Amino acid sequence: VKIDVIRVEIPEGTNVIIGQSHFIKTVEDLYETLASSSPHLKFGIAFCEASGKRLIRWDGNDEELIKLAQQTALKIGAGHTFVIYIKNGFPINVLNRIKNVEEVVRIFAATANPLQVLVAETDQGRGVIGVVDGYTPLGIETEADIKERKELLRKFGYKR
Amino acid sequence: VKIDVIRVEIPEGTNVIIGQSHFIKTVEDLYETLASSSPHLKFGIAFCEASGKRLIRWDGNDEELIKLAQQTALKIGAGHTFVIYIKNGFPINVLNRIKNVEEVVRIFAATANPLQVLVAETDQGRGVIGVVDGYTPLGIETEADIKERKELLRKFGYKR
Amino acid sequence: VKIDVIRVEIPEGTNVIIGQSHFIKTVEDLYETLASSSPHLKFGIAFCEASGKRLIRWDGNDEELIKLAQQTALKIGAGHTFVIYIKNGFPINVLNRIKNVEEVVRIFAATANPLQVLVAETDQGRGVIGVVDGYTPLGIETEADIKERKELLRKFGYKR
């Protein structure tokens with residue numbers, strides 16, 4: 001089987017979340033859970049209908065993010081894949097909501113780092129076999145590094 | 001590393017859910033959560049014990065669905081893989097219950113579309129690297145399309 | 001694309017849990033949920049920071065398990081991969097907690113069986129495409145086998 005490496009565009013200030021789902025109700029459910037997560041979250045959603053007209057189904061409240069979602073979904077081109085781009089918010093704000101959508105099967109990635117999606121192609125179609133999120137590890141953090149990452153979260157206001 | 005493309009049989013009227021789990025308790029836990037999801041759901045469960053006797057463990061309340069699960073589990077042949085076939089009900093009815101089963105590690109697919117499971121084989125055994133769920137996208141839906149899918153969900157009573 | 005077969009070391013009496021996450025807060029959150037899951041659970045955590053200094057971030061309450069986690073994370077070498085080793089406890093005790101951590105994207109495996117992590121190589125770095133958990137199935141269990149596994153769970157005390 002052939003394996004393609006797909007580069008996912010991630011404009012500055014955005015985060016992308018890519019996963020797998022089923023049933024066209026995926027779109028409205030994702031739209032709804034994201035809209036009720038915060039009044040200021042900006043998002044775009046794309047879902048690959050795997051049968052029938054096989055159309056990229058979409059929705060959201062930000063056209064720029066919607067178009068980015070449609071593009072990435074097309075590049076991947078794997079049936080039942082869904083893509084979400086968000087701005088003015090972070091993946092941790094909505095990751096659990098997404099995992100909890102009844103249509104959602106799994107999530108492949110949630111990141112803002114350079115991202116590649118690995119796609120296998122067969123005689124039937126395309127399927128996601130994984131992703132390359134960011135770079136490989138260079139070393140083990142020290143006590144000084146630990147102190148620094150702890151101060152970071154406290155500075156951002158995530159932890160006390 | 002060799003890669004095999006496994007064809008999953010999905011008879012008309014049924015849906016298949018394939019994932020990964022651990023521990024023998026997987027079977028009874030899956031049986032229990034499906035049984036208490038509805039008094040009319042019909043289901044069959046297969047689990048690939050990956051050590052000891054390495055036997056396909058199974059249960060369910062429908063003989064034919066059990067056989068389908070057994071067959072598909074054998075064809076994938078990857079340790080700790082679980083397969084569920086359901087009828088007279090849909091994946092969205094039980095997908096969240098399955099995600100919440102303490103043994104379940106992840107889910108690979110939930111669909112009724114033609115499905116292929118991608119299996120990598122090594123010196124040790126077999127592992128699932130992904131699936132080809134349905135077909136590739138043929139375009140982007142229009143406003144007209146959007147209006148129709150909305151009516152679709154309302155006609156079937158999923159949304160108002 | 002090149003696929004590496006990475007052997008994961010699993011000391012006796014321990015279980016390894018490998019997944020994918022995002023954001024440094026992953027370490028603090030995993031540590032916390034494991035710490036508040038049981039007063040006797042022993043654990044080690046490693047997270048592959050995929051940007052900046054690209055350091056293996058870690059924490060835990062058992063130096064041995066921590067080192068194992070760091071080593072395994074390095075061996076896999078895929079950005080944003082997290083590795084957890086637990087002792088004096090079982091995966092079913094904490095698998096749901098891990099799935100519910102807002103940073104966690106997905107889980108690749110939770111087991112004590114011989115484990116191989118399949119890693120895809122690209123010009124950007126490494127990514128996990130799957131795992132080989134244990135061995136392939138040898139056959140289908142019988143009615144007698146079903147009675148035995150049911151009795152086994154009663155003996156352990158998981159079911160009545």
Side-chain angles (χ1 to χ4, degrees), chain A residues 1-3 19-29 31-32 46-59 66-67 69-71 73-81 83 99-108 117-131, chain B residues 1-8 15-20 90-100 104-120 127-143 145-146 148-150 152-154 156 158-159:
Chain A
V1 311
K2 179 187 179 187
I3 297 182
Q20 191 184 311
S21 190
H22 80 291
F23 194 27
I24 192 167
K25 189 156 77 69
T26 289
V27 183
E28 295 200 18
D29 259 1
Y31 171 77
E32 284 173 36
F47 173 67
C48 296
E49 169 174 32
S51 67
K53 300 182 173 182
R54 297 158 54 171
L55 299 171
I56 295 294
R57 307 298 188 149
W58 54 276
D59 206 336
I66 284 176
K67 297 181 99 277
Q70 301 174 324
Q71 299 167 196
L74 288 170
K75 273 161 72 152
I76 296 174
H80 273 174
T81 298
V83 182
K99 295 169 188 168
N100 299 323
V101 171
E102 51 183 32
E103 274 96 10
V104 174
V105 181
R106 56 172 168 171
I107 302 181
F108 294 118
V117 173
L118 308 182
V119 183
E121 188 168 65
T122 66
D123 56 348
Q124 179 183 307
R126 297 161 67 82
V128 178
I129 62 173
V131 308
Chain B
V1 170
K2 178 185 178 183
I3 297 179
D4 290 344
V5 182
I6 304 302
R7 168 59 64 191
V8 173
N15 269 272
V16 69
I17 297 174
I18 307 174
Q20 186 182 317
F90 305 108
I92 58 175
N93 295 336
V94 300
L95 208 47
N96 282 339
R97 283 175 169 252
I98 295 169
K99 296 169 186 176
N100 301 170
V104 174
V105 177
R106 56 172 165 170
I107 306 174
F108 297 121
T111 191
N113 292 148
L115 178 75
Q116 285 177 152
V117 177
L118 306 171
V119 186
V128 176
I129 64 170
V131 304
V132 180
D133 190 343
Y135 307 103
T136 62
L138 294 175
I140 302 177
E141 85 177 316
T142 66
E143 285 300 332
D145 292 319
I146 294 178
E148 190 173 310
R149 66 173 170 68
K150 286 181 180 172
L152 180 60
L153 296 187
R154 287 148 190 65
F156 285 71
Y158 288 119
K159 302 282 184 180

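Labels below follow one simple rule: chain letters A, B, ... track the order of the sequence lines, proteins then strands, and each chain is numbered from 1. Side-chain atoms are counted along with the backbone in the values below, which use heavy atoms only and exclude waters and symmetry mates.
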Taking every heavy-atom pair that is under 4.5 Å apart, which of B/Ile107, B/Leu152, B/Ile146, B/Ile98 has the most such pairs with chain A? B/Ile107
Indicate yes or no for a side-chain donor-acceptor contact from A/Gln124 to the backbone of B/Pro114 under 3.5 Å, with no hydrogens or angles considered. yes
A/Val1 versus chain B, heavy atoms under 4.5 Å apart: side chain, backbone, both or neither? side chain
A/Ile3 versus chain B, heavy atoms under 4.5 Å apart: side chain, backbone, both or neither? side chain
For B/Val131, which atoms come within 4.5 Å of any heavy atom of chain A: side chain, backbone, both, or neither? both
Where does B/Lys150 contact chain A at under 4.5 Å (heavy atoms): side chain, backbone, both or neither? both
Greatest number of heavy atom pairs closer than 4.5 Å to chain B - which of A/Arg57, A/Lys99, A/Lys53, A/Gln70: A/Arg57
For each of A/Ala120, A/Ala46, A/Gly77, A/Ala73, tally heavy-atom pairs with chain B at distances under 4.5 Å, and name the one with the top tally. A/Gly77
Before giving the answer on side-chain contact (heavy atoms from CB on, under 4.5 Å), spell out for A/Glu49 and B/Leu138 the whole-Å C-alpha distance, their side-chain angles and the decisive distance to 0.1 Å. CA-CA 9 Å; A/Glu49 169 174 32; B/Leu138 294 175; over 6 Å; no
Hey, which of B/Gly130, B/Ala112, B/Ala110 has the most heavy atom pairs under 4.5 Å with chain A? B/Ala110
Measure distances from B/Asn100 to the heavy atoms of chain A and classify the residue's part below 4.5 Å as side chain, backbone, both or neither. neither
Side chain / backbone / both / neither for B/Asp133 at chain A, heavy atoms under 4.5 Å: both
Check whether B/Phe108 gets within reach of chain A through its side chain, its backbone, both or neither, counting any heavy atom under 4.5 Å. both
Once the angle between the rings of A/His80 and A/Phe47 is folded into 0 to 90°, is it parallel (under 30°), tilted (30 to 60°) or perpendicular (over 60°)? parallel
What part of A/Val101 gets closer than 4.5 Å to chain B, counting heavy atoms only: side chain, backbone, both or neither? backbone
Closer than 4.0 angstrom, basic N to acidic O: yes or no for A/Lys25 and A/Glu32? no
Which portion of B/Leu115 sits near chain A, non-hydrogen atoms under 4.5 angstrom: backbone
Would you indicate whether the side-chain heavy atoms of B/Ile17 and B/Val94 approach each other to under 4.5 Å? yes
What part of B/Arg7 gets within 4.5 angstrom of chain A, counting heavy atoms only: side chain, backbone, both, or neither? side chain
Heavy-atom side-chain contact between A/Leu55 and B/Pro137 under 4.5 Å: no
Ignoring hydrogens and geometry, is there a side-chain-to-backbone donor-acceptor pair from B/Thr136 to A/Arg126 under 3.5 Å? no
Given side-chain hydrogen bond (donor to acceptor under 3.5 Å, both in side chains), test A/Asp29 with A/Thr26 step by step and report yes or no. CA-CA 5 Å; A/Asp29 259 1; A/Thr26 289; over 6 Å; no
Tell me whether A/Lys67 at atom NZ has more than 12 heavy atoms from other residues, nucleotides or ligands lying less than 6.0 Å away. no
Part of B/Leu153 within contact of chain A (heavy atom distance under 4.5 Å): side chain
Go through A/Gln20, A/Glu28, A/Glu121 and name the one with the most non-hydrogen pairs under 4.5 angstrom from chain B. A/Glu28
Judged by atom type as modelled, is there a donor-acceptor pair below 3.5 Å linking the side chain of A/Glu102 to the main-chain atoms of B/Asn93? no
With heavy-atom distances below 4.5 Å as the criterion, would you say the side chains of A/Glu103 and A/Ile24 are in contact? no
Chain A contact via B/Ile140 - side chain, backbone, both or neither, heavy atoms under 4.5 Å: both
